[PDB]
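Below, each chain spelled out in residue letters.
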Amino acid sequence: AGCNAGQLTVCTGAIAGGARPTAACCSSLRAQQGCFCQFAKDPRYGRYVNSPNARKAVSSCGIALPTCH
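Residues numbered from 1 in each chain as written, not as in the entry; some residues may be left out. Heavy atoms only, no water.

In the PDB archive, solution NMR is given as the structure determination method for this entry.

Caption draft 1: Seen up close, the UniProt feature "disulfide bond" in the chain. Of the UniProt disulfides, the one joining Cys 3 and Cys 35 is satisfied here, as the sulfur distance of 2.0 Å falls under 2.5 Å. Of the two residues, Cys 3 sits in the segment before helix 1 (8-15) while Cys 35 sits in helix 2 (residues 23-39), which places them 32 residues apart along the sequence. (Disulfide = S-S within 2.5 Å. UniProt positions renumbered as here; feature names shortened; annotations may be inferred. Helix = DSSP H or I, 4+ residues; strand = E, 2+ residues; numbered from the N terminus.)

Caption draft 2: Here's a closer look at the packing of aromatic side chains. What the rule picks out here adds up to one aromatic pair. Relative to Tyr 45, the ring of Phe 39 has its centre 4.8 Å away and its plane inclined at 70 degrees; by these criteria the two rings are edge-to-face. Summarising the burial analysis for this pair, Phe 39 and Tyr 45 share the class buried. (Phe/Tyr/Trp six-rings, centres within 6.5 Å; stacked < 30°, edge-to-face > 60°. Buried < 20%, exposed > 50% of the residue type's maximum accessible area, 1.4 Å probe, protein only.)

Caption draft 3: Looking closely at the side chain of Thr 12. When you line up the elements, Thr 12 lands in helix 1. There is a polar contact of 3.2 Å between the side chain of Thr 12 and the side chain of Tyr 48. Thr 12 has contacts with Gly 17, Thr 22 and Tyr 48, leaving out every residue within four places of it along the chain. (Polar contact = N/O pair within 3.5 Å; in protein donor to acceptor, adjacent residues only side chain to side chain. Contact = heavy atoms within 4.5 Å.)

Caption draft 4: Examining the environment of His 69 more closely. Among the secondary structure elements, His 69 is positioned in the segment after helix 3 (45-48). Taking the C-alpha atoms as reference, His 69 lies 15 Å from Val 49; in sequence the two are 20 residues apart. At a separation of 2.5 Å, a polar atom in the side chain of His 69 contacts the main-chain carbonyl oxygen of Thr 67.

Caption draft 5: Broad picture of the state of the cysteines. For the coordinates displayed, the defined rule picks out four disulfides. Residue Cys 3 pairs covalently with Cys 35 via a disulfide, S to S 2.0 Å. Handedness here is read from the sign of the S-S torsion; for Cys 3 and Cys 35, about 75 degrees, the answer is right-handed. The disulfide partner of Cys 37 is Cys 68, and the S-S distance across this bridge is 2.0 Å. Negative torsions about the S-S bond denote left-handed disulfides, and the value of about -55 degrees found for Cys 37 with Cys 68 makes this one left-handed. Of the two residues, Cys 37 sits in helix 2 while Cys 68 sits in the segment after helix 3, which places them 31 residues apart along the sequence. Take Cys 37: its relative accessible area is 22%, and that puts it in the partly exposed class. Take the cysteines of the chain that form disulfides and number them in order along the sequence; they join up as 1-5, 2-3, 4-7, 6-8.

Encoded structure:
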């Protein structure tokens, strides 16, 4: 599943409704958005990703919520 439980952990502000310090992380994701395609497959994302804040703030870190949508 994904590759967020490693990268995203910092970028959790995004998926967690509060991407502030993660702005640099944004550009990081933009550099490795490829594995977030897996995240987008929602294998187990949807339990994580989606829950608590993604719901109302999936973000826009602008690296996209780099689901390979």
